[PDB]
Amino acid sequence: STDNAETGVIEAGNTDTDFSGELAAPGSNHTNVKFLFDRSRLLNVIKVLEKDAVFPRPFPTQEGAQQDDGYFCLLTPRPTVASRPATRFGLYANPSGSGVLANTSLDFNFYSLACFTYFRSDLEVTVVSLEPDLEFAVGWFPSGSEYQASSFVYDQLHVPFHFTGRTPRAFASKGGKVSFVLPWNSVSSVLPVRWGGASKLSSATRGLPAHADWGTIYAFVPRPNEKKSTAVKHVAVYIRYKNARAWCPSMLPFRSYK
Amino acid sequence: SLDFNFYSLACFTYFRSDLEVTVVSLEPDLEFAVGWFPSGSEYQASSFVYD
Amino acid sequence: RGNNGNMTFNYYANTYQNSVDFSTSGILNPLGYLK
Amino acid sequence: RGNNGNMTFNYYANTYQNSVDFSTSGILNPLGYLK
Amino acid sequence: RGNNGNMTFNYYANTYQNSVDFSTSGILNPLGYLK
Amino acid sequence: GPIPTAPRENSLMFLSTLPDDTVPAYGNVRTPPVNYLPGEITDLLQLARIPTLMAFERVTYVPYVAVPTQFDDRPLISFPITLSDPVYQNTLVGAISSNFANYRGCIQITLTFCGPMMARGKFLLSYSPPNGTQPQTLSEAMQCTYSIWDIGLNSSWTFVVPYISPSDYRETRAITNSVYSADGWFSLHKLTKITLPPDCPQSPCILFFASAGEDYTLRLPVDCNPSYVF
Amino acid sequence: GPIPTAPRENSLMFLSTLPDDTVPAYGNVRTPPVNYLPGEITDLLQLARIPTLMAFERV
Amino acid sequence: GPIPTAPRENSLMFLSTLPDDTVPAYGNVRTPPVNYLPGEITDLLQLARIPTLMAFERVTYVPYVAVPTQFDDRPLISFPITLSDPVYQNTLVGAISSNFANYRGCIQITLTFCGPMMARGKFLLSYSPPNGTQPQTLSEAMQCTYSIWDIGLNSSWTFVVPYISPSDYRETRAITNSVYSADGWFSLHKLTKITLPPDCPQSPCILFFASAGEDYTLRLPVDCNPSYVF
Ligand SMILES: [Ca+2]
């Protein structure tokens, strides 16, 4: 049928427009945005704390600084590095040489279906053990805060402060699982899938949002400082968006042609 | 002992409320029990012989 | 609505199960118009 | 119906418990007829 | 009221769940007045 | 007294896709209003129904095709109808479809002529259901479903691929060329040579767009491929 | 408050013939209609009531 | 018969913030009445809305500021607007705010002149939204939001810092000077020099108070810092 594509708006047609025929029945509605995104998926894998921690310093950190790495996980589909927001995803193709290796993460499915510009939704978290018959706990604090770092002495046994606080802490039995849901607590109204502004008024890095996440999570062993074991331990984190919404179209990744 | 949070937000003079208690073990696979007696009493101290 | 199968009973209150926006005081519609 | 004993309560919705066929727009009867 | 999510069902009786004071026989109001 | 009950064999299991909620932890939160943002998306079909540019090989890829001047009976260009085929790879229809398993409805194709206003010509578009061998001449093409499009004032012309299948729903990827994945070919034929006045550039170019139809539908989500990150 | 209950001696048991259903995983699916196929069988007696040939020994 | 049920993946878990109760042990207790105690507090905002004294450095801290006699164009005193800043540390607004994460509404400042009744003068108060560099002269100060306050019979004068933010709610601590934490500066300018009769003490003093506004609000509790015990 004759038409002009330069106008931008083109009306969708059917088989009957130019030939003899008829339209098909609806079928099913599995493409609904709310129904599509309510499925759990892996996000990151982190270690388990066995003592009081030292939060990593900002990125301009030079050598020789003492801190703990790979113990904290951010809750956000965007790329991150060293437990802090980033802009470019990383990958170590040559595990050799000096220097500490930076943790990295990303939400492959979310960015494979990230066809829009802005997003908002609640979020449900779950954790799972990767070691046989392990006892652990999980802690959390909201966006725009920091982790207290010190300990107290009870009966000559040091006890880290992160045991107590008015922000959720949860315990699981031998081989159990931890589950709960969180609200949308960032100051911004919506989470930007892609951004092009600056946060600070000067010396800022363009395109790096400040508070595009839900919070922060970590795991620890409920024992005093006197029982620091000899082997490292790991856990896995699962997230699941709930009651999602989208606001403005965009484009999808570039599938390279061999 | 002390209640750091309570005294960090202790902006008043008098207080009243119920109270819910919980206990947790710090040793792997432990069996224990918990006892309690009200304010203004004392703990009995002796034992009995069975078999 | 959504990937939610229950249709009969809700235990917790709405304001505790979900987040809400505080007040201030069918077929798919198209995107992009020409006049 | 079938090998199903419950007759009072169903938790999940029908469209989530079973599959359905999308629309389009007693004694046993015999098989094979002669006329 | 309070940090209590349930709004439909209570199992135990009130006098066993809570303590009570035995009898004898909106916007925030201000503290401190001048006349 | 306690209600006696017996848990089933399926207890303490963690199922990712389970259709139910869980226990809250930090409720009673109130969020800013979002009435000010326009253009809320309710279904991804709204985006699947927007035309986009396809790709071809210039031997190293371009969206358009250059009309030659030589005379031959082979089709000017022909590609199969299979959403996993490279030509549809980067278009929105294909990109979204690769995340599901089945589809229905009618696909849509659009063209636009971007040559000098003084040119004149005609083209033939045909769609051939599956056969032992694909068409290779105008005589064969005429018999299948086809239409004639002539250059005039208006620049674009839309074509609809009917949904003719032996079964409801069809697979969105072709591990093997069963009748449920591949559905024939599409080919373009130059009916008459182009006429141009003296002192004009030769070899005009033609452009392609691909989009979903009115009655298009998807179903049965599936996990996605993360190879793009490399 | 939590409802107090006590599970019976028969818990975590897997019984093949149990007359009840289980939890769904991938619901909300819709299938093609099957109105076009004639001759639905409702009970196997319909087939049991059809004569057939017996056998014997020719030795 | 037993009701068949299947517990979820989240069982035997201990969650501190869970919004529900537990089983009683020693119920049926009755307590004395408390009708005789007046002044029940229902919300901590009632206490957040009471003015209190700020602090400064005399170089080793005092709540007031001494008006000099020299003449210069720099502001008499200027401090940032960030609840984590030391000046607000001991005031009730700051102390309570340090236990939460977000806030709204308008902050309020109050002053009082405690000099001899025979003195006369005028002062200029200004509030500068964020910029590359903070104001440093009266000409610049006049352009921002400001007001003129003159010594007279009445002793005190109140000032309100408007809530001008790029987003609803703002952070209550400044790990880094993003636009969501810092919100400009406040500065005081001596418009004219003070006039005193002969045989009177020089260098009068001025006093500050800080309190929450009418539409102030907090949100999202957080755990507190116990360092004070040391
Ligand atoms: Ca049970």
# chains A, B, ... in the order shown; residues from 1 in each chain; ligands from 1
>>> interface_residues(of="chain A", to="chain F", cutoff="7 Å", atoms="only C-alpha atoms", output="PyMOL selection string")
chain A and resi 1-5+12-15+23-24+26-28+30-33+39-40+108-109+168+180-183+189+246-248+254-256
>>> write_last_selection(atoms="N, CA, C and O atoms", output="CSV table (one decimal), in the first residue's frame")
chain,number,residue,atom,x,y,z
A,1,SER,N,0.8,-1.2,0.0
A,1,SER,CA,0.0,0.0,0.0
A,1,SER,C,0.9,1.3,0.0
A,1,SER,O,1.9,1.3,0.7
A,2,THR,N,0.4,2.3,-0.8
A,2,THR,CA,1.2,3.5,-0.9
A,2,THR,C,1.2,4.2,0.5
A,2,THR,O,0.2,4.3,1.2
A,3,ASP,N,2.4,4.7,0.8
A,3,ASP,CA,2.6,5.4,2.1
A,3,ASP,C,3.9,6.2,2.0
A,3,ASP,O,4.7,6.1,1.1
A,4,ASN,N,4.1,7.1,3.0
A,4,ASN,CA,5.2,8.0,3.1
A,4,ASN,C,5.9,7.7,4.5
A,4,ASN,O,5.3,8.1,5.5
A,5,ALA,N,7.1,7.1,4.5
A,5,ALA,CA,7.8,6.8,5.7
A,5,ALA,C,8.5,8.0,6.3
A,5,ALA,O,8.9,7.9,7.5
A,12,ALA,N,0.1,0.5,11.3
A,12,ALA,CA,0.3,-1.0,11.1
A,12,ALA,C,-1.0,-1.5,10.4
A,12,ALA,O,-2.1,-1.1,10.6
A,13,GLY,N,-0.7,-2.5,9.5
A,13,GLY,CA,-1.8,-3.1,8.7
A,13,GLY,C,-2.0,-4.6,9.0
A,13,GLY,O,-1.4,-5.1,9.9
A,14,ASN,N,-2.8,-5.2,8.1
A,14,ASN,CA,-3.0,-6.6,8.2
A,14,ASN,C,-3.0,-7.2,6.8
A,14,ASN,O,-2.8,-6.5,5.8
A,15,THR,N,-3.2,-8.6,6.8
A,15,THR,CA,-3.1,-9.2,5.5
A,15,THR,C,-4.2,-8.8,4.5
A,15,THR,O,-4.0,-8.8,3.3
A,23,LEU,N,-7.8,-11.5,9.8
A,23,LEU,CA,-6.8,-11.3,10.9
A,23,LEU,C,-6.9,-12.4,11.9
A,23,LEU,O,-7.9,-13.2,12.0
A,24,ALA,N,-5.8,-12.7,12.6
A,24,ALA,CA,-5.6,-13.8,13.5
A,24,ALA,C,-6.2,-13.4,14.9
A,24,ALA,O,-6.4,-12.2,15.2
A,26,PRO,N,-6.1,-13.0,19.1
A,26,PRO,CA,-5.0,-12.4,20.0
A,26,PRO,C,-4.0,-13.4,20.4
A,26,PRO,O,-2.8,-13.3,20.1
A,27,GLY,N,-4.4,-14.5,21.2
A,27,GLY,CA,-3.4,-15.4,21.7
A,27,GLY,C,-3.2,-15.2,23.2
A,27,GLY,O,-4.1,-15.3,24.0
A,28,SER,N,-2.0,-14.9,23.6
A,28,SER,CA,-1.6,-14.7,24.9
A,28,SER,C,-0.8,-13.4,25.1
A,28,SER,O,-0.4,-12.8,24.1
A,30,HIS,N,2.1,-12.6,27.1
A,30,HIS,CA,3.3,-12.8,27.9
A,30,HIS,C,4.2,-11.6,27.8
A,30,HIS,O,5.2,-11.6,28.5
A,31,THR,N,4.0,-10.7,26.9
A,31,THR,CA,4.9,-9.5,26.7
A,31,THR,C,4.7,-8.4,27.8
A,31,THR,O,5.4,-7.4,27.7
A,32,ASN,N,3.7,-8.6,28.6
A,32,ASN,CA,3.4,-7.5,29.6
A,32,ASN,C,4.6,-7.2,30.4
A,32,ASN,O,5.3,-8.1,30.9
A,33,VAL,N,4.9,-5.9,30.6
A,33,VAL,CA,6.2,-5.5,31.3
A,33,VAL,C,6.2,-6.0,32.7
A,33,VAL,O,7.2,-6.5,33.2
A,39,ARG,N,10.9,-12.3,38.1
A,39,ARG,CA,11.6,-13.6,38.1
A,39,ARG,C,13.0,-13.4,38.7
A,39,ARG,O,13.7,-12.5,38.3
A,40,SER,N,13.4,-14.3,39.6
A,40,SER,CA,14.6,-14.2,40.3
A,40,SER,C,15.8,-14.5,39.4
A,40,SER,O,15.6,-15.2,38.4
A,108,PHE,N,22.8,-9.2,33.3
A,108,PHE,CA,22.9,-9.5,31.8
A,108,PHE,C,21.5,-9.5,31.2
A,108,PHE,O,21.2,-8.9,30.2
A,109,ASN,N,20.5,-10.2,31.9
A,109,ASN,CA,19.2,-10.2,31.4
A,109,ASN,C,18.5,-8.8,31.3
A,109,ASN,O,17.9,-8.4,30.4
A,168,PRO,N,17.3,-3.7,59.3
A,168,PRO,CA,17.3,-5.1,59.4
A,168,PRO,C,18.5,-6.1,59.4
A,168,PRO,O,19.4,-5.8,58.7
A,180,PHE,N,13.5,-11.8,52.0
A,180,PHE,CA,12.7,-10.6,52.4
A,180,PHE,C,12.7,-9.6,51.3
A,180,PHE,O,13.4,-9.7,50.3
A,181,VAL,N,11.8,-8.6,51.4
A,181,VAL,CA,11.6,-7.6,50.4
A,181,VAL,C,11.9,-6.3,50.9
A,181,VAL,O,11.8,-6.0,52.2
A,182,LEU,N,12.2,-5.3,50.1
A,182,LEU,CA,12.6,-4.0,50.4
A,182,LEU,C,11.8,-3.0,49.6
A,182,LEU,O,11.2,-3.4,48.5
A,183,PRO,N,11.6,-1.8,50.1
A,183,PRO,CA,10.9,-0.8,49.3
A,183,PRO,C,11.9,0.1,48.4
A,183,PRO,O,13.1,-0.1,48.4
A,189,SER,N,13.3,9.9,42.0
A,189,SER,CA,12.0,9.3,41.8
A,189,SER,C,12.1,8.0,41.0
A,189,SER,O,11.3,7.1,41.2
A,246,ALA,N,8.1,1.1,33.3
A,246,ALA,CA,9.0,1.7,32.4
A,246,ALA,C,8.4,3.0,31.9
A,246,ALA,O,7.2,3.2,32.0
A,247,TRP,N,9.3,3.9,31.3
A,247,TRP,CA,8.8,5.3,31.0
A,247,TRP,C,9.2,5.8,29.7
A,247,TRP,O,8.6,6.8,29.2
A,248,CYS,N,10.3,5.3,29.0
A,248,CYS,CA,10.7,6.0,27.7
A,248,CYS,C,11.5,5.1,26.9
A,248,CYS,O,12.6,4.6,27.3
A,254,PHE,N,24.3,-4.1,20.9
A,254,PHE,CA,24.7,-4.3,19.5
A,254,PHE,C,25.3,-5.8,19.4
A,254,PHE,O,26.4,-6.0,19.9
A,255,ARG,N,24.5,-6.6,18.8
A,255,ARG,CA,24.9,-8.0,18.6
A,255,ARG,C,25.9,-8.1,17.4
A,255,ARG,O,25.5,-8.1,16.3
A,256,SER,N,27.2,-8.3,17.8
A,256,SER,CA,28.2,-8.2,16.8
A,256,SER,C,28.1,-9.3,15.7
A,256,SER,O,27.6,-10.4,16.1
>>> calpha_fit_and_write(fixed="chain C", moving="chain E", output="short mmCIF file (atom, residue, chain, number, x, y, z; two decimals) with N, CA and C atoms, in the first residue's frame")
data_model
loop_
_atom_site.label_atom_id
_atom_site.label_comp_id
_atom_site.auth_asym_id
_atom_site.auth_seq_id
_atom_site.Cartn_x
_atom_site.Cartn_y
_atom_site.Cartn_z
N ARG E 1 -2.24 -8.11 40.33
CA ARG E 1 -1.81 -8.22 38.95
C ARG E 1 -0.33 -8.58 38.88
N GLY E 2 0.10 -9.10 37.73
CA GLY E 2 1.46 -9.53 37.54
C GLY E 2 1.61 -11.03 37.70
N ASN E 3 2.84 -11.44 37.99
CA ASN E 3 3.16 -12.86 38.19
C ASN E 3 2.79 -13.29 39.61
N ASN E 4 1.53 -13.05 39.96
CA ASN E 4 1.02 -13.29 41.30
C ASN E 4 -0.20 -14.20 41.20
N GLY E 5 -0.12 -15.38 41.80
CA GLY E 5 -1.15 -16.38 41.65
C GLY E 5 -2.28 -16.29 42.65
N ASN E 6 -1.98 -15.80 43.85
CA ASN E 6 -3.01 -15.70 44.88
C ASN E 6 -4.08 -14.70 44.46
N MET E 7 -5.34 -15.05 44.74
CA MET E 7 -6.44 -14.16 44.39
C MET E 7 -7.51 -14.13 45.48
N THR E 8 -7.21 -14.60 46.68
CA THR E 8 -8.24 -14.74 47.70
C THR E 8 -7.88 -14.08 49.02
N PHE E 9 -6.62 -14.13 49.44
CA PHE E 9 -6.26 -13.76 50.80
C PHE E 9 -4.96 -12.97 50.82
N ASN E 10 -4.93 -11.91 51.62
CA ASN E 10 -3.74 -11.12 51.87
C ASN E 10 -3.59 -10.93 53.37
N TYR E 11 -2.42 -11.28 53.90
CA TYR E 11 -2.21 -11.24 55.35
C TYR E 11 -1.83 -9.84 55.83
N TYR E 12 -0.71 -9.32 55.35
CA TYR E 12 -0.23 -8.02 55.79
C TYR E 12 -1.02 -6.90 55.11
N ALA E 13 -0.95 -5.72 55.71
CA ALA E 13 -1.64 -4.57 55.16
C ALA E 13 -0.93 -4.06 53.92
N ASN E 14 -1.68 -3.33 53.09
CA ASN E 14 -1.14 -2.86 51.82
C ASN E 14 0.05 -1.94 52.04
N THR E 15 -0.04 -1.03 53.01
CA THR E 15 1.03 -0.06 53.23
C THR E 15 2.29 -0.71 53.78
N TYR E 16 2.21 -1.94 54.26
CA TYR E 16 3.40 -2.67 54.67
C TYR E 16 3.91 -3.63 53.61
N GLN E 17 3.02 -4.16 52.77
CA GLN E 17 3.46 -5.03 51.69
C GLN E 17 4.08 -4.26 50.53
N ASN E 18 3.56 -3.08 50.22
CA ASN E 18 4.01 -2.32 49.06
C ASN E 18 4.42 -0.92 49.47
N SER E 19 5.11 -0.24 48.56
CA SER E 19 5.39 1.18 48.69
C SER E 19 4.32 1.98 47.96
N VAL E 20 4.06 3.18 48.46
CA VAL E 20 2.99 4.03 47.95
C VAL E 20 3.54 5.42 47.69
N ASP E 21 2.89 6.14 46.79
CA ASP E 21 3.28 7.51 46.45
C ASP E 21 2.42 8.48 47.26
N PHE E 22 3.06 9.31 48.06
CA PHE E 22 2.31 10.23 48.91
C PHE E 22 1.66 11.32 48.06
N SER E 23 0.48 11.74 48.49
CA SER E 23 -0.33 12.67 47.72
C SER E 23 0.29 14.06 47.73
N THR E 24 -0.24 14.92 46.86
CA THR E 24 0.14 16.32 46.80
C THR E 24 -1.11 17.15 46.59
N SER E 25 -1.11 18.35 47.14
CA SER E 25 -2.24 19.26 47.00
C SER E 25 -1.76 20.70 46.91
N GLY E 26 -7.11 -3.23 28.13
CA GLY E 26 -7.56 -2.63 26.88
C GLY E 26 -6.48 -2.60 25.83
N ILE E 27 -6.83 -2.13 24.63
CA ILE E 27 -5.86 -2.07 23.54
C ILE E 27 -4.82 -0.99 23.83
N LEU E 28 -3.66 -1.15 23.20
CA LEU E 28 -2.52 -0.28 23.46
C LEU E 28 -2.62 1.00 22.64
N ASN E 29 -2.48 2.14 23.31
CA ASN E 29 -2.48 3.43 22.65
C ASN E 29 -1.13 3.67 21.97
N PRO E 30 -1.09 4.54 20.96
CA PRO E 30 0.14 4.75 20.20
C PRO E 30 1.09 5.75 20.86
N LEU E 31 2.34 5.71 20.41
CA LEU E 31 3.37 6.63 20.83
C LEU E 31 3.84 7.43 19.63
N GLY E 32 3.84 8.75 19.75
CA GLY E 32 4.21 9.61 18.64
C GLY E 32 3.02 9.95 17.76
N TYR E 33 2.73 11.24 17.62
CA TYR E 33 1.58 11.70 16.87
C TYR E 33 2.01 12.65 15.77
N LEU E 34 1.22 12.69 14.71
CA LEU E 34 1.34 13.69 13.66
C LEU E 34 0.00 14.40 13.51
N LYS E 35 0.06 15.66 13.12
CA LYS E 35 -1.13 16.49 13.07
C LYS E 35 -1.21 17.26 11.75
#
>>> residues_near_ligand(ligand="ligand 1", cutoff="10 Å", atoms="only C-alpha atoms and all ligand atoms", output="short mmCIF file (atom, residue, chain, number, x, y, z; two decimals) with N, CA, C and O atoms, in the first residue's frame")
data_model
loop_
_atom_site.label_atom_id
_atom_site.label_comp_id
_atom_site.auth_asym_id
_atom_site.auth_seq_id
_atom_site.Cartn_x
_atom_site.Cartn_y
_atom_site.Cartn_z
N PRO F 4 -3.95 -29.67 63.68
CA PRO F 4 -3.00 -30.67 63.18
C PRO F 4 -2.90 -30.61 61.66
O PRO F 4 -3.91 -30.56 60.96
N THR F 5 -1.67 -30.63 61.16
CA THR F 5 -1.44 -30.57 59.72
C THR F 5 -0.17 -31.33 59.38
O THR F 5 0.69 -31.56 60.23
N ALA F 6 -0.07 -31.73 58.11
CA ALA F 6 1.04 -32.53 57.62
C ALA F 6 1.62 -31.85 56.39
O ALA F 6 0.94 -31.78 55.35
N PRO F 7 2.85 -31.35 56.44
CA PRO F 7 3.44 -30.73 55.24
C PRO F 7 3.68 -31.75 54.14
O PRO F 7 3.93 -32.93 54.39
N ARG F 8 3.60 -31.27 52.90
CA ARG F 8 3.75 -32.12 51.73
C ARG F 8 5.23 -32.42 51.48
O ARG F 8 6.12 -31.94 52.18
N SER F 11 8.74 -29.10 50.55
CA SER F 11 8.88 -28.12 51.62
C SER F 11 10.33 -27.68 51.71
O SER F 11 11.25 -28.47 51.47
N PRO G 4 -0.78 -21.55 66.26
CA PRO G 4 0.00 -22.71 66.71
C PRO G 4 -0.57 -24.01 66.15
O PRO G 4 -1.78 -24.23 66.19
N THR G 5 0.31 -24.86 65.63
CA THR G 5 -0.12 -26.12 65.05
C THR G 5 0.97 -27.16 65.24
O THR G 5 2.14 -26.82 65.44
N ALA G 6 0.57 -28.42 65.16
CA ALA G 6 1.47 -29.55 65.38
C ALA G 6 1.35 -30.51 64.20
O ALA G 6 0.28 -31.13 64.02
N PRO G 7 2.39 -30.68 63.39
CA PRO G 7 2.30 -31.63 62.28
C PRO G 7 2.19 -33.06 62.77
O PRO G 7 2.70 -33.43 63.83
N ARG G 8 1.51 -33.89 61.97
CA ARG G 8 1.27 -35.28 62.31
C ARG G 8 2.52 -36.11 62.05
O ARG G 8 3.54 -35.63 61.56
N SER G 11 4.72 -36.72 57.69
CA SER G 11 5.16 -35.46 57.11
C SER G 11 6.43 -35.70 56.30
O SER G 11 7.26 -36.54 56.65
N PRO H 4 -3.21 -30.22 54.63
CA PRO H 4 -1.88 -30.34 54.03
C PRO H 4 -1.34 -28.97 53.65
O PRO H 4 -2.04 -28.16 53.03
N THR H 5 -0.08 -28.71 54.00
CA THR H 5 0.55 -27.44 53.70
C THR H 5 2.04 -27.64 53.50
O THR H 5 2.62 -28.63 53.95
N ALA H 6 2.65 -26.68 52.81
CA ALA H 6 4.06 -26.74 52.46
C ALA H 6 4.73 -25.44 52.89
O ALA H 6 4.42 -24.38 52.32
N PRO H 7 5.64 -25.47 53.86
CA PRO H 7 6.32 -24.23 54.26
C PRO H 7 7.21 -23.70 53.16
O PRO H 7 7.76 -24.45 52.35
N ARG H 8 7.36 -22.37 53.14
CA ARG H 8 8.15 -21.70 52.12
C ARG H 8 9.64 -21.82 52.43
O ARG H 8 10.05 -22.39 53.44
N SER H 11 11.91 -20.15 56.46
CA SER H 11 11.38 -20.72 57.68
C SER H 11 12.49 -20.85 58.70
O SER H 11 13.65 -21.10 58.36
#
>>> select_by_dssp(residues="range 85-119 of chain A", states="alpha helix (DSSP H)", output="ChimeraX atom specification")
/A:108-112
>>> interface_residues(of="chain B", to="chain H", cutoff="10 Å", atoms="only C-alpha atoms", output="PyMOL selection string")
chain B and resi 3-9+11-12+14+16+20-22+24
>>> atom_distance(atom1="CA of residue 55 in chain H", atom2="CA of residue 88 in chain H")
7.6 Å
>>> interface_residues(of="chain G", to="chain D", cutoff="6 Å", atoms="only C-alpha atoms", output="JSON, numbers by chain")
{"G": [19, 20, 27, 28, 29, 30, 31, 32, 33]}
>>> write_last_selection(atoms="N, CA and C atoms", output="PDB file, in the first residue's frame")
ATOM      1  N   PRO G  19      -4.276 -38.329  46.260  1.00  0.00           N
ATOM      2  CA  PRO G  19      -5.278 -37.594  45.461  1.00  0.00           C
ATOM      3  C   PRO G  19      -5.278 -36.092  45.725  1.00  0.00           C
ATOM      4  N   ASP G  20      -4.270 -35.401  45.199  1.00  0.00           N
ATOM      5  CA  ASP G  20      -4.188 -33.951  45.335  1.00  0.00           C
ATOM      6  C   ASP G  20      -3.151 -33.432  44.347  1.00  0.00           C
ATOM      7  N   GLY G  27       2.868 -20.934  35.045  1.00  0.00           N
ATOM      8  CA  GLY G  27       1.476 -20.813  34.679  1.00  0.00           C
ATOM      9  C   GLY G  27       1.227 -19.657  33.728  1.00  0.00           C
ATOM     10  N   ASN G  28      -0.057 -19.448  33.442  1.00  0.00           N
ATOM     11  CA  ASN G  28      -0.547 -18.398  32.557  1.00  0.00           C
ATOM     12  C   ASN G  28      -0.382 -18.744  31.085  1.00  0.00           C
ATOM     13  N   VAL G  29      -0.251 -20.016  30.751  1.00  0.00           N
ATOM     14  CA  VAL G  29      -0.071 -20.452  29.373  1.00  0.00           C
ATOM     15  C   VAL G  29      -1.430 -20.755  28.763  1.00  0.00           C
ATOM     16  N   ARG G  30      -1.588 -20.417  27.484  1.00  0.00           N
ATOM     17  CA  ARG G  30      -2.807 -20.679  26.733  1.00  0.00           C
ATOM     18  C   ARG G  30      -2.466 -21.510  25.506  1.00  0.00           C
ATOM     19  N   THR G  31      -3.303 -22.499  25.218  1.00  0.00           N
ATOM     20  CA  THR G  31      -3.007 -23.530  24.237  1.00  0.00           C
ATOM     21  C   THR G  31      -3.977 -23.480  23.064  1.00  0.00           C
ATOM     22  N   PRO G  32      -3.628 -24.113  21.941  1.00  0.00           N
ATOM     23  CA  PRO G  32      -4.516 -24.080  20.783  1.00  0.00           C
ATOM     24  C   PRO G  32      -5.799 -24.844  21.059  1.00  0.00           C
ATOM     25  N   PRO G  33      -6.893 -24.493  20.389  1.00  0.00           N
ATOM     26  CA  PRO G  33      -8.129 -25.264  20.548  1.00  0.00           C
ATOM     27  C   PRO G  33      -8.030 -26.619  19.867  1.00  0.00           C
TER      28      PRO G  33
END
>>> select_by_dssp(residues="range 6-107 of chain A", states="strand (DSSP E or B)", output="list in words")
residues 32, 41, 42, 43, 44, 45, 46, 47, 49, 73, 74, 80, 81, 84, 85, 104 and 105 of chain A
>>> write_last_selection(atoms="N, CA, C and O atoms", output="short mmCIF file (atom, residue, chain, number, x, y, z; two decimals), in the first residue's frame")
data_model
loop_
_atom_site.label_atom_id
_atom_site.label_comp_id
_atom_site.auth_asym_id
_atom_site.auth_seq_id
_atom_site.Cartn_x
_atom_site.Cartn_y
_atom_site.Cartn_z
N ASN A 32 3.70 -8.56 28.64
CA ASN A 32 3.41 -7.51 29.61
C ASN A 32 4.64 -7.20 30.44
O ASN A 32 5.31 -8.11 30.95
N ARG A 41 16.98 -14.01 39.74
CA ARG A 41 18.18 -14.25 38.94
C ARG A 41 19.40 -13.95 39.80
O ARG A 41 19.32 -13.22 40.79
N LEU A 42 20.53 -14.53 39.40
CA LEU A 42 21.78 -14.31 40.11
C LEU A 42 22.30 -12.90 39.84
O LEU A 42 22.15 -12.37 38.74
N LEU A 43 22.91 -12.30 40.86
CA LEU A 43 23.48 -10.96 40.73
C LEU A 43 24.97 -10.92 41.03
O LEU A 43 25.73 -10.36 40.24
N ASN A 44 25.41 -11.49 42.14
CA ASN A 44 26.81 -11.41 42.53
C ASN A 44 27.09 -12.47 43.58
O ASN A 44 26.18 -13.04 44.18
N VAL A 45 28.38 -12.73 43.80
CA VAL A 45 28.85 -13.68 44.80
C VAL A 45 29.88 -12.98 45.67
O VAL A 45 30.80 -12.34 45.15
N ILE A 46 29.73 -13.10 46.99
CA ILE A 46 30.54 -12.35 47.93
C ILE A 46 31.02 -13.28 49.03
O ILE A 46 30.51 -14.38 49.22
N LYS A 47 32.03 -12.81 49.77
CA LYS A 47 32.59 -13.57 50.87
C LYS A 47 31.81 -13.29 52.15
O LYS A 47 30.86 -12.50 52.17
N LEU A 49 32.01 -12.25 56.29
CA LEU A 49 32.84 -11.56 57.26
C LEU A 49 33.05 -12.39 58.51
O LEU A 49 32.12 -13.05 59.00
N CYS A 73 28.23 -6.02 48.59
CA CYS A 73 27.57 -6.10 47.29
C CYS A 73 26.53 -5.01 47.18
O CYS A 73 25.71 -4.84 48.08
N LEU A 74 26.55 -4.29 46.07
CA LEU A 74 25.54 -3.28 45.80
C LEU A 74 24.30 -3.92 45.18
O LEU A 74 24.38 -4.97 44.54
N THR A 80 29.15 -2.11 38.34
CA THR A 80 29.82 -1.65 39.55
C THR A 80 31.22 -2.26 39.61
O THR A 80 31.50 -3.27 38.96
N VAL A 81 32.08 -1.64 40.40
CA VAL A 81 33.45 -2.12 40.58
C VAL A 81 33.89 -1.80 42.00
O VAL A 81 33.65 -0.70 42.49
N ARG A 84 31.54 -0.16 44.49
CA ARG A 84 31.19 1.24 44.28
C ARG A 84 30.69 1.40 42.86
O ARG A 84 31.12 0.65 41.97
N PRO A 85 29.79 2.35 42.60
CA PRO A 85 29.21 2.46 41.26
C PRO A 85 30.26 2.81 40.22
O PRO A 85 31.26 3.47 40.52
N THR A 104 33.52 -7.21 40.08
CA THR A 104 32.66 -6.60 39.08
C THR A 104 31.34 -7.36 39.02
O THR A 104 31.24 -8.50 39.49
N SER A 105 30.32 -6.71 38.46
CA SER A 105 28.99 -7.30 38.37
C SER A 105 28.20 -6.60 37.28
O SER A 105 28.61 -5.57 36.75
#
